[PDB]
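Quick heads-up: the structure tokens below are two forms of one chain, split into structure 1 and structure 2.
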Structure 1
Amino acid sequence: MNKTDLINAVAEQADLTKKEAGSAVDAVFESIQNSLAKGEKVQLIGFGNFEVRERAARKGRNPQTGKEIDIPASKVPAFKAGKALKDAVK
């Protein structure tokens, strides 16, 4: 599924036009994104929670030279799936 697919699925289930569904879908993920950008958590009952996490510094490898790379600590978005999601997948 890509976003176009999701838009079509939403239009069908919510009984909206394609345009309205597109607007709706763009609005949810822009809104989740903007909330995370402010360090604000997003808690979506029946789905899951997004939050910003502080990731510690770590190491990577350069594939061409084989040299170790320093990866500095950074803020990263994380998602915690709710029970409904976990159950359906399992």
Structure 2
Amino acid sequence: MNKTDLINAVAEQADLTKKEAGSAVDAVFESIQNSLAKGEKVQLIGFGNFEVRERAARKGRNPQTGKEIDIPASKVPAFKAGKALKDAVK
């Protein structure tokens, strides 16, 4: 299922024009992105949580060389599924 497929599912289930569902789906994910960009956690009851995980600078190793490498600090997005999603998948 890709974004267009998802927009068609929303149009159908929420009874919206394809254009309105398109606007809504764009808004959902841009809102989650804009929240995480400001460091704010997203808590979606009955789906899951989005947050930003911080990792510090670090020493590591290239898989193919064996060389010591510097691993810089990073901020990456993280998703934590909730029970409804976990139970439906298992």
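FYI, numbering is relative to structure 1, first residue = 1. Think of the rigid core as the biggest set of C-alphas that the two forms share within 1.5 Å after superposition. Shifts are known only where both forms have a C-alpha.
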| property | result |
| --- | --- |
| Identity of the form deposited without the DNA, given as 1 or 2 | 2 |
| 2 Å-or-more CA mover between structures 1 and 2, where superposition uses the core and the choices are 76, 14, 69, 24 | 69 |
| Post core alignment: residue 58 C-alpha displaced by 2 Å or more between structures 1 and 2 | yes |
| Once both forms are overlaid on the core, stretches between structures 1 and 2 of 3 or more residues with C-alpha shifts of 2 Å or more | 55 to 71 |
